[PDB]
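Novice: heads up, no residue letters with this:
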């Protein structure tokens, strides 16, 4: 009699793929910023020489030459400059191009028409590292400017035909494709030299070869890894910590920043492979054009740092792509304000802010607008390059989206006998609004915590401090119960409880359970657990949107009340349902008075999961580690 399964006879295969542990780390980020008073570190020599490159009329003559050749490259025989015609688009001519060219030539005339780009060009090329791969960028700027303004446009902002009468404009640009490709060898035979107009167009702004961008990345990497060094040196005994780091410069700048980031992170952890009370979920998203470079540049770094090679595009919904509100701790972003056309910078900052954990660092390395030629190296069109703003505007926009402690880190180098310069790139590392104080809205205003709730019912026990006023005040005052109907219903009084919760309770109605704060006997805990289960059953059976927050004591790390875990377990069972919005908080005796904080804990937006521990006013979540 033969079976069909290989039989492993009582073997001992030491489980390595199935062990998951449980800890409790403080959800509010323990990450701490660096003091801006020490940001002096020299690695770049090309930025000082670039600021020296200004006020050099020979570069201006190079500008004149490029503008002349761009004027010539438009059309071989087309009129300009007095006359025919002086009109403008639209109705009807390409004279918008004519006026743009005349303004460009008006700027051209002053002031030099002499020899250019031999001596100073050789000197600067040998001085910084090479400026041929900078003149190429500045030339390709105007070359692709004329390529874009040529594009498919020289006309055709024409009025859409209003017929039929009262035809509202309807736009929809998805689910469209061309039919059909390569019919009768169309545009295939007799083809050659048809793509010479745009040949530097497919070669992007190169930053890897030159070492100045690498110096920028080195400064950023060292400043981040020093804070991480501080954190790991302040590691706690027997408490693993999960860190969610996402870098969005991996789609905008070269990966080199993240390259050195991973290199030094893994190097540091390898030098310090003696404690495993910390793990790092480092993640690198890309737009399906740098995933290849990212995954091929990194080979074996995932030893202790869980790496997730994914895709994040800032034009899609955060929740749709899987990213959640108050989900990830640290975000590092460079070349961001130069990377948008239609998205408001406040909207980009809101995108960054929503994902952030409480006080989670937002590192934003953005260019200032003190030198325009310095901004011409970050975008290739008249639109994105000027989407950048000044330092004060960046600060105000960061404070606009609810950020505290803006840290201005002006990258400062110091080359001897070489002039000073404005900051090479402004680095602002701010933190999310402190989890101690928010409101349910996006920006802090206590309208949602005060006089926003209509009915707040309190489950109490009349076996200690029979009066409910002092029973609640025994742990936190009753005055902070801010609702139009301060109601208290006896524990076990489920009939009037059913009547009250079935007559109607609004979305801003909450029910705190203060019976799980006393030391439960060896029999009564089943009784109160049954009461709770019936309460949640009646809540769900009518599909209500009531907010519930259970408050328990010492029932999630062991102590005087180890019996509330039954309540917590059945509550956990209910959480799989979407109709029942319920939370649970375990607090000690010495931090039990934070009623306003508990009201804040109803936040699905700025706070994360629906189970937390408050110790010494610090909010914790349980983390499970492979």
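Specialist: Perfect, thanks for sending it. Numbers count the residues shown, from 1 in each chain.
Novice: what's the lengthiest helix in the chain packed up against?
Specialist: In the chain, assigned by DSSP state H, the helix with the most residues is helix 211-233. Helices and strands touching helix 211-233, by 3 or more CB pairs under 8 Å, 6 or more residues apart in numbering; DSSP states H and E, are helix 46-53, helix 256-271, strand 330-334, strand 361-366. (C-beta placed from N, C-alpha, C; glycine too.)
Novice: Let me know the angle separating the second one from helix 211-233.
Specialist: Counting by axes from the mean of the first three to the mean of the last three CA atoms, to 10 degrees, helix 256-271 points 40 degrees away from the direction of helix 211-233.
Novice: can you confirm residue 512 is in a helix?
Specialist: No: assigned with DSSP: H, G, I helix; E, B strand; the rest coil, residue 512 falls outside any helix and is strand.
Novice: Tally up the residues packed near it, please.
Specialist: Residues near residue 512, counting by other CB atoms under 10 Å, number 21.
Novice: hmm, back to that, tabulate the helices and strands packed on helix 211-233 (a markdown table), appending distance to residue 108 and mean neighbour count.
Specialist: Putting the helices and strands packed on helix 211-233 into a markdown table (distance: least, CB to CB, whole Å; neighbours: other CB atoms under 10 Å) gives the following:
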| stretch | distance to residue 108 | mean neighbour count |
| --- | --- | --- |
| helix 46-53 | 19 | 20 |
| helix 256-271 | 37 | 19 |
| strand 330-334 | 34 | 23 |
| strand 361-366 | 31 | 23 |
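Novice: Same list, the ones you listed, but as TSV with distance to residue 231 please.
Specialist: Compiled in TSV, the helices and strands packed on helix 211-233 are given as follows (distance: least, CB to CB, whole Å):
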stretch	distance to residue 231
helix 46-53	30
helix 256-271	11
strand 330-334	11
strand 361-366	11
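Novice: Show me where the stretch 351-500 of the chain has its helices.
Specialist: Counting by DSSP state H, counting those that start in this stretch, the stretch 351-500 of the chain has helices at residues 372-375, 391-400, 468-473, 494-503.
Novice: Let's check: the centremost residue of the protein is which one?
Specialist: Centroid check for the chain by CA atoms, centre = their mean gives residue 352 as the closest residue, at 3.0 Å.
Novice: Now the element after the longest helix of the chain, going C-ward?
Specialist: Next helix or strand after helix 211-233 toward the C-terminus (DSSP states H and E): strand 242-247.
Novice: partners of that next one in the sheet?
Specialist: strand 279-285 (parallel), strand 330-334 (parallel) (DSSP bridges).
Novice: all strands for the stretch 351-500 of the chain, in order.
Specialist: 361-366, 403-404, 408-410, 426-432, 453-460, 483-490 (DSSP state E, counting those that start in this stretch).
Novice: before we move on, the earlier item: tell me how far the longest helix of the chain lies from the chain's centre.
Specialist: 19 Å (CA atoms, centre = their mean, to the nearest Å).
Novice: Pull out the buried positions in it.
Specialist: Applying a neighbour-count criterion of 16 or more other CB atoms under 10 Å, the buried positions in helix 211-233 are 211-221, 223-225, 227-228, 231-232.
Novice: can you list contacts of the helix or strand that contains residue 597?
Specialist: Using DSSP H and E, residue 597 maps to helix 595-600. For helix 595-600, contacts defined as CB atoms under 8 Å, 6 or more residues apart in numbering pick out 435-440, 449, 476-477, 480-482, 510, 512, 549, 551, 585, 607, 614, 617, 619.
Novice: Wait, residue 19 touches residue 625, no?
Specialist: No: shown here, residue 19 and residue 625 do not form a contact pair, counting by CB atoms under 8 Å, at 9.3 Å.
Novice: between these two, which one's more packed in?
Specialist: Using other CB under 10 Å as the criterion, residue 19 and residue 625 rank with residue 625 on top: 16 against 9.
Novice: Can you verify my assumption that the more buried one contacts residue 23?
Specialist: Yes: if you go by CB under 8 Å, residue 625 and residue 23 touch, sitting 6.8 Å apart.
Novice: So for the two, which residues contact both of them?
Specialist: With CB under 8 Å, 6+ apart as the test, residue 625 and residue 23 both reach residue 240.
Novice: so can I have TSV of the strands paired with strand 242-247 showing distance to residue 393?
Specialist: Output for these, formatted as TSV (distance: least, CB to CB, whole Å):
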stretch	distance to residue 393
strand 279-285	27
strand 330-334	17
